[PDB]
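Text of structure_9.txt (compact mmCIF, C-alpha atoms (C1' of nucleotides)) as supplied:
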# COMPACT_ATOMS: atom_id res chain seq x y z
CA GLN E 1 66.81 -33.53 16.94
CA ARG E 2 66.57 -30.79 19.65
CA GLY E 3 68.64 -31.49 22.78
CA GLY E 4 71.18 -33.49 20.68
CA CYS E 5 69.05 -36.62 20.10
CA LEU E 6 69.38 -39.21 17.27
CA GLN E 7 67.01 -42.10 16.39
CA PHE E 8 68.63 -45.49 15.59
CA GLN E 9 66.89 -48.93 15.46
CA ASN E 10 63.76 -47.31 17.04
CA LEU E 11 65.79 -46.45 20.19
CA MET E 12 66.49 -42.80 21.06
CA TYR E 13 70.15 -41.81 21.55
CA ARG E 14 71.34 -38.69 23.42
CA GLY E 15 74.70 -37.31 22.30
CA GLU E 16 77.09 -36.19 25.05
CA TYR E 17 77.97 -32.82 23.34
CA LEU E 18 75.64 -32.97 20.33
CA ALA E 19 73.02 -30.28 21.13
CA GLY E 20 74.87 -27.53 19.15
CA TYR E 21 74.14 -29.53 15.93
CA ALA E 22 70.31 -29.70 16.21
CA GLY E 23 68.81 -29.67 12.67
CA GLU E 24 72.17 -30.72 11.12
CA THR E 25 72.77 -34.01 9.31
CA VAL E 26 75.40 -36.38 10.80
CA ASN E 27 76.67 -39.91 9.96
CA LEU E 28 77.19 -42.62 12.58
CA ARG E 29 79.08 -45.83 13.37
CA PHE E 30 78.25 -48.74 15.65
CA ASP E 31 79.57 -52.17 16.69
CA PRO E 32 76.72 -54.69 16.07
CA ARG E 33 77.59 -56.59 19.29
CA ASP E 34 76.74 -53.52 21.40
CA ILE E 35 74.67 -50.63 20.02
CA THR E 36 74.21 -48.90 23.44
CA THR E 37 77.00 -46.41 22.64
CA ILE E 38 77.18 -45.04 19.08
CA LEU E 39 79.88 -42.86 17.51
CA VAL E 40 78.74 -39.79 15.55
CA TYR E 41 80.68 -38.03 12.75
CA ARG E 42 80.29 -34.79 10.76
CA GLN E 43 80.61 -35.52 7.05
CA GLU E 44 82.90 -33.01 5.34
CA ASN E 45 85.21 -32.59 2.25
CA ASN E 46 85.97 -36.30 1.43
CA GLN E 47 86.26 -36.94 5.24
CA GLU E 48 84.20 -37.84 8.44
CA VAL E 49 85.29 -36.10 11.69
CA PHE E 50 84.43 -37.75 15.03
CA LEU E 51 82.00 -35.50 16.88
CA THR E 52 80.83 -37.34 20.05
CA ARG E 53 79.84 -40.63 21.63
CA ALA E 54 76.03 -40.93 22.02
CA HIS E 55 74.13 -43.13 24.47
CA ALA E 56 70.84 -45.12 24.18
CA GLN E 57 67.98 -43.98 26.50
CA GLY E 58 65.00 -45.73 28.16
CA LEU E 59 66.46 -49.23 27.69
CA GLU E 60 67.61 -51.75 30.33
CA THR E 61 71.11 -51.67 31.79
CA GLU E 62 72.12 -54.93 30.13
CA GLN E 63 74.02 -54.19 26.91
CA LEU E 64 71.87 -54.23 23.74
CA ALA E 65 73.05 -56.02 20.58
CA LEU E 66 71.86 -54.99 17.07
CA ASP E 67 69.96 -58.24 16.35
CA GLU E 68 68.11 -57.85 19.66
CA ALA E 69 66.96 -54.35 18.70
CA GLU E 70 65.69 -55.72 15.36
CA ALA E 71 63.92 -58.50 17.26
CA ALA E 72 62.17 -56.00 19.52
CA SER E 73 61.14 -53.96 16.44
CA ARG E 74 59.74 -56.94 14.37
CA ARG E 75 57.87 -58.33 17.41
CA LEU E 76 56.33 -54.87 17.96
CA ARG E 77 55.43 -54.57 14.20
CA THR E 78 53.73 -58.02 14.39
CA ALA E 79 51.58 -56.85 17.34
CA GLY E 80 50.58 -53.65 15.42
CA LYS E 81 49.59 -55.69 12.29
CA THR E 82 47.61 -58.11 14.54
CA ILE E 83 45.73 -55.35 16.46
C1' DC Y 1 85.02 -74.39 -45.51
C1' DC Y 2 83.69 -69.83 -43.49
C1' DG Y 3 80.29 -66.35 -42.19
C1' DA Y 4 75.59 -64.75 -41.00
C1' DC Y 5 70.71 -65.44 -39.15
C1' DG Y 6 66.75 -67.99 -36.73
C1' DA Y 7 64.77 -71.68 -32.78
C1' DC Y 8 64.97 -73.15 -28.48
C1' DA Y 9 66.57 -73.01 -24.03
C1' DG Y 10 68.89 -70.64 -20.00
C1' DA Y 11 70.38 -66.85 -16.94
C1' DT Y 12 69.58 -61.90 -15.55
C1' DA Y 13 68.65 -56.97 -13.92
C1' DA Y 14 64.50 -53.44 -14.53
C1' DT Y 15 59.84 -52.99 -12.77
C1' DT Y 16 56.43 -53.37 -9.52
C1' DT Y 17 54.90 -54.44 -4.95
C1' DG Y 18 55.50 -54.96 -0.28
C1' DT Y 19 57.69 -54.07 4.37
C1' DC Y 20 60.30 -51.25 7.66
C1' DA Y 21 62.62 -47.31 9.92
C1' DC Y 22 63.29 -42.28 10.26
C1' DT Y 23 61.05 -37.61 9.64
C1' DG Y 24 58.86 -32.55 8.32
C1' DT Y 25 54.93 -30.49 9.80
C1' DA Y 26 50.27 -28.94 11.73
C1' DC Y 27 47.47 -28.85 16.28
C1' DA Y 28 47.88 -24.46 18.26
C1' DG Y 29 40.94 -18.01 18.66
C1' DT Y 30 39.88 -16.46 13.33
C1' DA Y 31 38.16 -14.69 6.39
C1' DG Y 32 33.11 -14.06 6.14
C1' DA Y 33 33.21 -9.27 5.91
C1' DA Y 34 33.53 -4.10 4.71
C1' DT Y 35 32.36 -0.60 1.20
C1' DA Y 36 31.05 1.46 -2.68
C1' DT Y 37 27.70 1.62 -6.91
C1' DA Y 38 23.21 1.11 -10.04
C1' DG Y 39 18.41 -0.02 -10.50
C1' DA Y 40 13.67 -0.73 -9.27
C1' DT Y 41 9.72 0.29 -6.08
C1' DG Y 42 6.79 2.77 -2.92
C1' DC Y 43 4.74 6.79 0.07
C1' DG Y 44 4.08 11.62 0.42
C1' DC Y 45 3.12 16.36 -1.18
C1' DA Y 46 2.54 19.89 -4.49
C1' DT Y 47 0.46 21.47 -8.94
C1' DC Y 48 -2.40 21.55 -11.98
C1' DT Y 49 -6.98 20.38 -14.85
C1' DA Y 50 -12.23 19.88 -15.88
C1' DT Y 51 -16.91 19.88 -14.05
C1' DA Y 52 -20.26 22.32 -11.78
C1' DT Y 53 -22.40 25.49 -10.87
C1' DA Y 54 -26.40 29.50 -8.55
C1' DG Y 55 -26.67 34.30 -8.81
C1' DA Y 56 -27.09 38.22 -11.70
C1' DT Y 57 -28.57 40.36 -16.08
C1' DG Y 58 -30.73 41.26 -20.43
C1' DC Y 59 -34.77 40.70 -23.12
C1' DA Y 60 -39.20 39.42 -25.05
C1' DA Y 61 -44.13 38.36 -24.84
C1' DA Y 62 -48.58 38.55 -21.87
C1' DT Y 63 -51.39 40.54 -20.09
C1' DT Y 64 -53.34 44.57 -17.03
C1' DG Y 65 -54.92 48.60 -15.36
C1' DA Y 66 -55.50 53.14 -16.80
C1' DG Y 67 -56.64 56.32 -19.95
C1' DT Y 68 -58.64 58.89 -24.48
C1' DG Y 69 -61.59 59.41 -28.71
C1' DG Y 70 -66.03 59.00 -31.54
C1' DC Y 71 -71.27 58.72 -32.05
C1' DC Y 72 -76.34 61.02 -30.33
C1' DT Y 73 -84.81 64.74 -32.34
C1' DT Y 74 -87.65 68.59 -30.96
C1' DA Y 75 -91.58 72.11 -30.19
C1' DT Y 76 -96.57 73.23 -27.98
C1' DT Y 77 -100.97 71.79 -24.50
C1' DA Y 78 -102.79 69.19 -20.39
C1' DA Y 79 -102.63 66.48 -15.49
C1' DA Y 80 -99.43 64.65 -11.32
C1' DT Y 81 -95.37 65.32 -7.62
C1' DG Y 82 -91.62 68.33 -5.57
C1' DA Y 83 -90.15 73.52 -5.01
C1' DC Y 84 -89.71 79.26 -5.50
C1' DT Y 85 -91.81 84.38 -5.77
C1' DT Y 86 -95.68 88.18 -4.95
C1' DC Y 87 -100.06 90.06 -2.46
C1' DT Y 88 -103.42 90.37 1.54
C1' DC Y 89 -104.48 89.84 6.86
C1' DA Y 90 -108.75 98.41 9.42
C1' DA Y 91 -112.16 99.40 13.51
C1' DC Y 92 -116.88 102.69 14.98
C1' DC Y 93 -120.05 105.52 12.98
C1' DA Y 94 -124.41 106.07 10.76
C1' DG Y 95 -129.18 104.16 9.49
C1' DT Y 96 -133.33 100.63 11.25
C1' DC Y 97 -136.15 97.70 14.70
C1' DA Y 98 -138.82 94.86 18.43
Can you present the structure in this file as structure tokens?
Amino acid sequence: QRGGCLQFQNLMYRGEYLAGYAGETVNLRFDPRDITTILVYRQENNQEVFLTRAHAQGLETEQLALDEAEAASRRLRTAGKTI
DNA sequence: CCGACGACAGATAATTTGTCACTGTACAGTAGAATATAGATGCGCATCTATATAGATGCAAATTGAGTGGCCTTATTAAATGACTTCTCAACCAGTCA
């Protein structure tokens, strides 16, 4: 998205050098223990090329695990269904 | 004895439904409006028509005044009245008488 943003687990990620690829599709890889930095790849002829690191925005400093981001999302969905 | 088909039971992905996360896209002053036409209706102005004449003229009775034409006893006498005409109208000398 414009400015080099990606959306993963309802968080917004800003790529370090990603803004030249706005409107392009990319693929991405993450360690479930810490999703605060995500690794973005261009898909190509039978091969993925590493493009940038990307960082989570608007979250707390403490490192965010994948299950914790699901937890925040399902708690928020439960409030929406309640209200 | 060997092979094929049906009953009953058991396990399984396709189908449908639900939930969840990421996303393309509209919100951005804006199509009711412009421009022909036919077709019917109404007001105005002209262009006839048909009726209505009173004045003038011709004519034909109806007197109306003004003409014209046709038909008629007469002679004597007398009186009366009214007229006309004619004629006439000297002057002194000579012879008686109381």
Just need the residues of chain Y within 9 Å of chain E, counting all atoms listed in the file, so spit them out as a ChimeraX atom specification.
-> /Y:20-22
Which is closest to residue 12 in chain E among E:40, E:59, E:79, E:71, if we use only C-alpha atoms?
->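 Counting only C-alpha atoms, the residue closest to residue 12 in chain E is E:59.
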Go ahead and compute the interatomic distance for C1' of residue 23 in chain Y and CA of residue 58 in chain E, in Å to one decimal.
->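 Separation of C1' of residue 23 in chain Y and CA of residue 58 in chain E: 20.6 Å.
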CA of residue 32 in chain E to CA of residue 63 in chain E: how many Å, to one decimal?
->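 Value for the CA of residue 32 in chain E-CA of residue 63 in chain E distance: 11.2 Å.
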Might you pull out every residue within 7 Å of residue 27 in chain E, with only C-alpha atoms (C1' of nucleotides) counted and same-chain residues fewer than 6 positions away left off, and present them as a PDB file with C-alpha atoms, in the frame of the given file?
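Done, and the output landed in around_37.pdb:
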ATOM      1  CA  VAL E  40      78.740 -39.790  15.550  1.00  0.00           C
ATOM      2  CA  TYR E  41      80.680 -38.030  12.750  1.00  0.00           C
ATOM      3  CA  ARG E  42      80.290 -34.790  10.760  1.00  0.00           C
ATOM      4  CA  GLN E  43      80.610 -35.520   7.050  1.00  0.00           C
TER       5      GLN E  43
END
Grab the CA of residue 70 in chain E to CA of residue 31 in chain E distance for me, in Å with one decimal place.
->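 Computing the Euclidean distance for CA of residue 70 in chain E and CA of residue 31 in chain E yields 14.4 Å.
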Residue with smallest distance to residue 14 in chain E - pool E:2, E:38, E:29, E:55, counting only C-alpha atoms |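 So, comparing all the options, the nearest one is E:55.
Taking all atoms listed in the file into account, residue 13 in chain E lies nearest to E:36 out of the set E:61, E:82, E:46, E:36.
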Would you mind listing what lies within 7 Å of residue 37 in chain E as a short mmCIF file (atom, residue, chain, number, x, y, z; two decimals) with C-alpha atoms, keeping the file's coordinate frame, with only C-alpha atoms (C1' of nucleotides) counted and same-chain residues fewer than 2 positions away left out?
data_model
loop_
_atom_site.label_atom_id
_atom_site.label_comp_id
_atom_site.auth_asym_id
_atom_site.auth_seq_id
_atom_site.Cartn_x
_atom_site.Cartn_y
_atom_site.Cartn_z
CA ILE E 35 74.67 -50.63 20.02
CA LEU E 39 79.88 -42.86 17.51
CA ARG E 53 79.84 -40.63 21.63
CA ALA E 54 76.03 -40.93 22.02
CA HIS E 55 74.13 -43.13 24.47
CA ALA E 56 70.84 -45.12 24.18
#
Residue with smallest distance to residue 23 in chain E - pool Y:24, Y:72, Y:96, Y:17, counting only C-alpha atoms (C1' of nucleotides) =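 Ranking Y:24, Y:72, Y:96, Y:17 by distance to residue 23 in chain E, first place goes to Y:24.
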Non-local contacts of residue 20 in chain E (12 Å; only C-alpha atoms (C1' of nucleotides); under 6 positions in same chain excluded) as a CSV table (one decimal) with C-alpha atoms, in the coordinates of the input:
chain,number,residue,atom,x,y,z
E,1,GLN,CA,66.8,-33.5,16.9
E,2,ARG,CA,66.6,-30.8,19.6
E,3,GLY,CA,68.6,-31.5,22.8
E,4,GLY,CA,71.2,-33.5,20.7
E,5,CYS,CA,69.0,-36.6,20.1
E,51,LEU,CA,82.0,-35.5,16.9
E,52,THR,CA,80.8,-37.3,20.0
Assuming the input is short of atoms at range 14-28 of chain E, produce N, CA, C and O atoms for that part as a CSV table (one decimal), in the frame of the given file.
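And here is the file that came out, result35.csv:
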chain,number,residue,atom,x,y,z
E,14,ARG,N,71.0,-40.1,23.1
E,14,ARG,CA,71.3,-38.7,23.4
E,14,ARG,C,72.8,-38.5,23.3
E,14,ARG,O,73.6,-39.3,24.0
E,15,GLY,N,73.3,-37.6,22.5
E,15,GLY,CA,74.7,-37.3,22.3
E,15,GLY,C,75.3,-36.6,23.5
E,15,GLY,O,74.6,-35.7,24.1
E,16,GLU,N,76.5,-36.8,23.9
E,16,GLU,CA,77.1,-36.2,25.0
E,16,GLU,C,77.2,-34.7,24.8
E,16,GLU,O,76.8,-33.9,25.7
E,17,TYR,N,77.7,-34.2,23.7
E,17,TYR,CA,78.0,-32.8,23.3
E,17,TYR,C,77.3,-32.4,22.0
E,17,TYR,O,77.8,-31.5,21.3
E,18,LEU,N,76.2,-33.0,21.7
E,18,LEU,CA,75.6,-33.0,20.3
E,18,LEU,C,74.6,-31.9,20.1
E,18,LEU,O,74.2,-31.6,19.0
E,19,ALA,N,74.2,-31.2,21.2
E,19,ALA,CA,73.0,-30.3,21.1
E,19,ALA,C,73.3,-29.0,20.3
E,19,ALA,O,72.3,-28.5,19.7
E,20,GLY,N,74.5,-28.6,20.0
E,20,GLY,CA,74.9,-27.5,19.2
E,20,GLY,C,74.6,-27.8,17.7
E,20,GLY,O,74.5,-26.9,16.9
E,21,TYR,N,74.3,-29.1,17.3
E,21,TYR,CA,74.1,-29.5,15.9
E,21,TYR,C,72.7,-29.8,15.6
E,21,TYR,O,72.4,-30.5,14.6
E,22,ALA,N,71.7,-29.5,16.5
E,22,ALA,CA,70.3,-29.7,16.2
E,22,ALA,C,69.9,-29.2,14.8
E,22,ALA,O,70.3,-28.1,14.4
E,23,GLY,N,69.2,-30.0,14.1
E,23,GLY,CA,68.8,-29.7,12.7
E,23,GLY,C,69.9,-30.0,11.6
E,23,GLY,O,69.6,-30.1,10.5
E,24,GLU,N,71.1,-30.3,12.0
E,24,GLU,CA,72.2,-30.7,11.1
E,24,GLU,C,72.0,-32.2,10.8
E,24,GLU,O,71.5,-33.0,11.6
E,25,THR,N,72.5,-32.6,9.6
E,25,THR,CA,72.8,-34.0,9.3
E,25,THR,C,74.1,-34.5,9.9
E,25,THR,O,75.1,-33.7,9.8
E,26,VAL,N,74.2,-35.7,10.4
E,26,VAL,CA,75.4,-36.4,10.8
E,26,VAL,C,75.3,-37.8,10.3
E,26,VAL,O,74.3,-38.3,9.8
E,27,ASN,N,76.5,-38.5,10.3
E,27,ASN,CA,76.7,-39.9,10.0
E,27,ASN,C,77.1,-40.7,11.2
E,27,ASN,O,77.6,-40.0,12.1
E,28,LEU,N,76.8,-42.0,11.3
E,28,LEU,CA,77.2,-42.6,12.6
E,28,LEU,C,77.6,-44.1,12.4
E,28,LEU,O,77.2,-44.7,11.5
